[PDB]
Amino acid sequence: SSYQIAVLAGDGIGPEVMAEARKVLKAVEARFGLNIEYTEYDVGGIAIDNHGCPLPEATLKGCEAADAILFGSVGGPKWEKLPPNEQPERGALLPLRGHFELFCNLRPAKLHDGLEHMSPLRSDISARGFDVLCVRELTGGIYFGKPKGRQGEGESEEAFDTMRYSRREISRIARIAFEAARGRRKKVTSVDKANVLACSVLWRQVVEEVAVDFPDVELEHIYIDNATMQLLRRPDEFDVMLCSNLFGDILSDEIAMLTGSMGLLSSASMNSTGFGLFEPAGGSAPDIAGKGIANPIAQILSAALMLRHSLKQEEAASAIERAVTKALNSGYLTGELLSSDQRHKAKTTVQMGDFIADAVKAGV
């Protein structure tokens, strides 16, 4: 029936790229006869300014009434020096994840045709190309373990965080990774520190238990330090990476940077009943905000994940995805995607959204 979306554009480039995502969405709504209602709520820095905290009660309620959250980016210099537990990025994201039980974080990263030169990889490695999906457990591990805090005074004052996982937690994220691999290149690389950590011993054990249900997918295990090395050297040999919360945080970023095109990457944070939060992979980039040069593709593709994962509108999702392909292969690139000699061909944020929306409309 009529879908409800909580729009949380946040700070920096968030509102301007969100404008483009909504534009593209309007095209898909008209194409596929979707009936989607949107309500905007403040989150992050803007919420701190307007409401005194990064996740207002009305913002959370708004998300509880919605079928999905379409999320921009949060954070900036203006709030850097608040204490950590008042800061906008953590203060928005972790409580949304915890509250909605968004245990599943999906961050695909692919090296795009014709953008190899932007990859910080050596030209022969970037030429091989890569497509690595990071599947990261998002509501457990050391992010939410207790006890957490500090005790004591002076030299002996101590702080502490507890990484913990139960079998139930590990197997649910593992199944997501294996099921993803099934539809990709049939390999899961589980990434842990089982040589040091008791949580990792249990992780590696349970992922191997889950594997029995996927005789068709290869499973291998790698330690997180070695994975940072191998992703640099041979990223083409990984398909899906399965990670705990802290490890997937680290690895997903490394892989995104290896593309050299983070403005093209999006992410999906999902619970088990199809609600999720859909955001670009990269930050609020305050240094470029309000200028018309931010790449809106990550936000536009977030909207495509929203349509697929939460709204069960796979053709509309795929239409946005192909409209993005058409831009990228028809000379519609923003400045950060272009070599410095080709910079003068750069499209503005609005030109991008107008091109993408027009392709959806033309039946791409």
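Here the rigid core means the biggest group of C-alpha atoms that line up within 1.5 Å when the two forms are laid on top of each other. Quick note: we count residues from 1 along the sequence shown, nothing fancier.
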Next on the checklist: Between 79 to 87 and 136 to 144, which one shows the bigger average Cα displacement from this form in 6 other deposited structures of this protein once the rigid core is aligned?
Outcome noted: 79 to 87
Checklist outcome for this item: Mean B factor on CA atoms, stretches 288 to 296 and 239 to 247, record says higher is 288 to 296
Checklist entry - Of 204 to 212 and 270 to 278, which one has the bigger average CA B-factor? => result 270 to 278
Checklist outcome for this item: The largest CA temperature factor among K193, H112, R136, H221 is found at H112
Checklist outcome for this item: Looking only at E153, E101, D161, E254, the Cα with the top B-factor belongs to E153
Next on the checklist: Using the temperature factors of the C-alpha atoms in this entry, rank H117 within its chain: lowest, middle or highest third.
Outcome noted: highest
Item to check | Relative C-alpha B-factor of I13, binned into the chain's lowest, middle or highest third | outcome: middle
Checklist entry - In terms of the chain's CA B-factor thirds, is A127 lowest, middle or highest? => result highest
Next on the checklist: Is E86 in the lowest, middle or highest third of its chain when residues are ranked by C-alpha B-factor?
Outcome noted: highest
Item to check | Chain-relative CA temperature factor third for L106 | outcome: lowest
